[PDB]
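Colleague: here is the input, now give the coordinates:
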Amino acid sequence: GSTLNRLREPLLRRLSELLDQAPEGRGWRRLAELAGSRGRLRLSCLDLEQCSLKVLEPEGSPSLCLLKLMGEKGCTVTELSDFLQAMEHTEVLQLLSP
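Modeller: Numbers count the residues shown, from 1 in each chain. Below is the structure:
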């Protein structure tokens with residue numbers, strides 16, 4: 001299984017730009033929360049602060065930092081897609097829950 005940090009760089013960059021543009025209900029922070037729920041991927045708030053801070057650099061991307069970190073922690077592309085689909089579903093469920 002190929003991990004996210006080993007994807008070609010243009011693909012990583014496009015994915016990270018798109019995830020940086022997402023709404024807060026399905027952005028990189030929500031992805032981090034969901035993926036860090038797992039036991040396989042452990043992502044604390046301290047892990048995520050270093051990615052959050054990338055936005056302080058003129059063109060910096062928190063999403064690129066997060067995706068690379070998830071890759072180093074063993075996440076593959078299909079597992080990323082699974083996380084993102086789970087995000088969509090949980091968003092609509094949260095909106096519909098009283």
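Colleague: residues in contact with the longest helix along the chain: which ones?
Modeller: Ranked by residue count, the top helix of the chain under DSSP state H comes out as helix 77-96. With CB atoms under 8 Å, 6 or more residues apart in numbering as the contact definition, helix 77-96 has outside contacts at 1-2, 4, 7, 25-26, 30-31, 34-35, 67, 70, 75. Every C-beta, even on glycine, is put in place using the N, C-alpha and C of the backbone.
Colleague: and if we set it to 7 Å?
Modeller: If you take CB atoms under 7 Å, 6 or more residues apart in numbering as the criterion, helix 77-96 is touched by 2, 4, 25-26, 30-31, 34-35.
Colleague: with stretch 47-57 instead?
Modeller: Stretch 47-57 is contacted from outside by 32, 60-62, 65-66, 69, using CB under 7 Å, 6+ apart.
Colleague: so which of those wins on neighbours?
Modeller: Highest neighbour count within the contacts of stretch 47-57: residue 66, with 27 neighbours (other CB atoms under 10 Å).
Colleague: for the helix or strand harbouring it, the distance to its chain's centre please.
Modeller: Here residue 66, judged by DSSP states H and E, is contained in helix 62-72. Mean-position distance between helix 62-72 and its chain equals 7 Å (CA atoms, centre = their mean, to the nearest Å).
Colleague: over to stretch 71-79?
Modeller: 10 Å.
Colleague: in PDB, list the C-alpha atoms belonging to it.
Modeller: Provided in PDB are the C-alpha atoms of stretch 71-79 (Å, rounded to 0.1, in the frame of the first residue of the first chain):
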ATOM      1  CA  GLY A  71       1.100   9.400   5.000                       C
ATOM      2  CA  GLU A  72       4.100   9.000   7.300                       C
ATOM      3  CA  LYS A  73       1.600   7.500   9.800                       C
ATOM      4  CA  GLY A  74       0.700   4.900   7.200                       C
ATOM      5  CA  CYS A  75      -2.400   6.300   5.400                       C
ATOM      6  CA  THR A  76      -2.900   5.200   1.800                       C
ATOM      7  CA  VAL A  77      -4.900   6.900  -0.900                       C
ATOM      8  CA  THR A  78      -7.900   4.500  -0.600                       C
ATOM      9  CA  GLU A  79      -7.900   5.100   3.200                       C
END
